[PDB]
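Trainee: Just dropping in an experimental structure and the matching sequence.
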Amino acid sequence: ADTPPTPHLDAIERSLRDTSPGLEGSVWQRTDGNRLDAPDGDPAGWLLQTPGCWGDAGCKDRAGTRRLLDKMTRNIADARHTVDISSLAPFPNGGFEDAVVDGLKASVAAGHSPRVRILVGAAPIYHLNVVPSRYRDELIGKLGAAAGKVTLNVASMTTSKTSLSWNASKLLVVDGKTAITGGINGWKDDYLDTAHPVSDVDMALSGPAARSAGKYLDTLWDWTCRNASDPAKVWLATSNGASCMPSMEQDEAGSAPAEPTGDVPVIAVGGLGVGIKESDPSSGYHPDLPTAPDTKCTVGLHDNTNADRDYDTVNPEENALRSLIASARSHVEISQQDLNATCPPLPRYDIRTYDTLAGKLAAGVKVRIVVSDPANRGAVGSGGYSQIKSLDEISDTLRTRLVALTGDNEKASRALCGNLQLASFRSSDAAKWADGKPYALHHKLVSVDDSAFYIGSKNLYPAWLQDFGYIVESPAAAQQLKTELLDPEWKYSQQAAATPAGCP
Ligand SMILES: CCCCCCC(=O)OC[C@H](COP(=O)(O)O)OC(=O)CCCCCC
């Protein structure tokens, strides 16, 4: 009870408990006594950005990549009992795969027999080559004589075909004690073996919040083990005759409390997407849902982001992001692939998130939004690393939401023009990577007041997936985030700032 207050964490916790009280302890959880997992002589080494090659359009010194991969390997090498991987399909390949294999063999060479889960979400059409039994067989071959001691459960899953829901959480949890999470998929060709690497960020922690994340994953595997009765939803491959492990993380927690490793207070928050759980039946959540039609796109699907109270209650991650932004009293940095979705089949944007940002702009709070360059766009379903044709799609929508709010277009411009910084992502002085390709950005990052930040898998654009991430409140940690990532991103991305329509 010497601890500093957590104004931002307190406001997010309120929201989550109003929206989803019944999911506390499974799909969301606040904890004290976490540690941001950094090695010696590398104090911001808990922040796992890739490629981490600022100021060089040839990206020759990929210090972020190196650290990301050394930390995956080493977390796995330290396993006594359990390894729990979630990702977006394909299953991890190249160096992401080697981290897991080198890590498991090390654990076996230390004398352990680890249980391993690997879970991917699969979109109903690109799958993919995506095959659990082939992937498991590949790991078994790569694992050598170690395979005998490693218990694998390998699954690919789609929770709803019609509502476009599957796992996209990106988690590596070891012994319910350490967790690495964020936006990074195990896709070597996009992240590693390319001269135009995707820019992304994970974070690494240890502590009670690592257990919060395993609890989330047992939630996913309960559904997944049960729904292997339906091969249209789940493909599953186990090794060594082993049963499905719905309960791996509870089994490893057993009956003792998670011990603190540090002093960082953390909120873990995910969502159940569509087709796992209908609602939190214990929730009293009764919002006034938004109403503003979009002039560009009228979504055909039932709109779960903007017009479905039950979905909110099983997807606390949406409101956790909105209330993180709403808690900003001085400034917010948004670093995202996208704020707008591909409409149809999804709503183009989250009305409330956009309302939340327009409120901030009106109130004189500084809003910074950096997104992946529009030049990255496909290909309606590719899905390339942009879902807009120009940054005006974000500022025009801000304008539209500023007009709803205030009544006049001239007040709108003072708040938009005065308080918004909007740009495509760059990491050096050059407009694109040295090989000609544009920089692809895939962060799911929010920072508020250099005090509290989200790093996880949940995008700010509309998506109805199983996602997960962490919210940290710590001035020290957010100072490291500012210095190592956000300042540098603004340094180089300000070159590609948008002046909105209606501004000088
Ligand atoms: C025609 C566009 C409809 C896309 C379906 C729903 C979605 O939000 O997917 C976004 C998701 C987020 O991934 P990450 O966690 O940020 O890496 O991307 C995917 O799940 C794969 C896209 C496959 C297209 C589905 C037809």
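Mentor: Great, that's in hand. Residues are numbered from 1 along each chain as shown.
Trainee: Next, work out how far apart residue 258 and residue 210 are.
Mentor: Counting by CB to CB, to the nearest Å, the separation of residue 258 from residue 210 is 8 Å. (C-beta placed from N, C-alpha, C; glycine too.)
Trainee: which of these two has more neighbours?
Mentor: A count of neighbours by other CB atoms under 10 Å puts residue 210 above the other of residue 258 and residue 210, at 32 against 19.
Trainee: Next secondary structure after the helix or strand hosting the more buried one?
Mentor: Element membership for residue 210, per DSSP states H and E: helix 208-226. Counting by DSSP H and E, the next helix or strand C-terminal to helix 208-226 is strand 234-238.
Trainee: where does residue 193 fall, phi/psi-wise?
Mentor: Dihedral pair for residue 193: phi -90, psi 70, per degrees, to the nearest 10.
Trainee: tally of neighbours for it?
Mentor: When neighbours are counted by other CB under 10 Å, residue 193 registers 12.
Trainee: For residue 325, which residues are in contact?
Mentor: 332, 334, 353, 356-357, 360, 446, 448 (CB atoms under 8 Å, 6 or more residues apart in numbering).
Trainee: gap between the helix holding residue 210 and the chain center?
Mentor: 16 Å (CA atoms, centre = their mean, to the nearest Å).
Trainee: between that helix and strand 234-238, how many degrees?
Mentor: 110 degrees (axes from the mean of the first three to the mean of the last three CA atoms, to 10 degrees).
Trainee: buried ones in helix 208-226?
Mentor: Using 16 or more other CB atoms under 10 Å as the test for burial, helix 208-226 gives 208-225.
Trainee: same question, stretch 300-318
Mentor: For stretch 300-318, by 16+ other CB under 10 Å, it's 303-306, 308, 311-318.
Trainee: nearest to the ligand, of the residues you listed?
Mentor: Taking CB to the nearest ligand atom as the measure, the ligand lies nearest residue 305 of the buried residues of stretch 300-318, at 10.3 Å.
Trainee: about what we covered before: save the contacts of residue 325 as TSV, and put in secondary structure and neighbour count too.
Mentor: TSV is the format used below for these (DSSP: H, G, I helix; E, B strand; the rest coil; neighbours: other CB atoms under 10 Å):
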residue	secondary structure	neighbour count
332	strand	24
334	strand	24
353	helix	22
356	helix	20
357	helix	29
360	helix	22
446	strand	25
448	strand	28
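Trainee: Could you work out the most separated pair of the residues you listed?
Mentor: 353 and 448 (13.7 Å; CB to CB).
Trainee: and the stretch 1-150 of the chain, which residues reach the ligand?
Mentor: Along the stretch 1-150 of the chain, the residues adjacent to the ligand under the rule CB under 6 Å from any ligand atom are 88, 123, 125-126.
Trainee: Quick one: buried ones out of those?
Mentor: Buried residues within these, counting neighbours by 16+ other CB under 10 Å: 88, 123.
Trainee: In strands only, show me the residues of the stretch 1-150 of the chain next to the ligand.
Mentor: residue 88 (DSSP state E).
Trainee: Between the residues of the stretch 1-150 of the chain next to the ligand, which sits nearest the ligand?
Mentor: Using CB to the nearest ligand atom, residue 123 is the member of those that sits closest to the ligand, with 3.5 Å.
Trainee: I'd assumed residue 164 was in contact with the closest one.
Mentor: Yes. Using CB atoms under 8 Å, residue 123 is in contact with residue 164, at 7.4 Å.
Trainee: Okay, helices next: where are they in the stretch 401-504 of the chain?
Mentor: 409-419, 475-481, 487-493 (DSSP state H, counting those that start in this stretch).
Trainee: wait, the stretch 101-250 of the chain
Mentor: 132-143, 188-191, 208-226, 248-253.
Trainee: got a markdown table for these, with distance to residue 150 too?
Mentor: Output for those, formatted as a markdown table (distance: least, CB to CB, whole Å):
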| stretch | distance to residue 150 |
| --- | --- |
| helix 132-143 | 6 |
| helix 188-191 | 22 |
| helix 208-226 | 17 |
| helix 248-253 | 13 |
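Trainee: For residue 435, give me its contacts.
Mentor: Residue 435 sits in contact with 195-196, where contact means CB under 8 Å, 6+ apart.
Trainee: so what's residue 49 bridging to?
Mentor: In this entry, residue 49 is beta-bridged to residue 201, by DSSP bridges.
Trainee: Could you show which parts of this structure are in contact with the ligand?
Mentor: So far as CB under 6 Å from any ligand atom goes, the chain lies against the ligand at 88, 123, 125-126, 164, 168, 185, 342, 345-346, 380-381, 383, 457, 459, 463.
Trainee: Most neighbours among those, which one?
Mentor: Most neighbours among the residues of the chain next to the ligand, by other CB under 10 Å: residue 457, with 28 neighbours.
Trainee: show me what contacts that one?
Mentor: Contacts of residue 457 (CB under 8 Å, 6+ apart): 168-170, 181-183, 444, 467-469.
Trainee: wait, which of those residues is closest to the ligand?
Mentor: residue 168 (3.6 Å).
Trainee: Wait, that closest one touches residue 468, no?
Mentor: No. Because the distance of 9.0 Å does not satisfy CB under 8 Å, residue 168 is recorded as not touching residue 468.
Trainee: Fine by me, thanks again.
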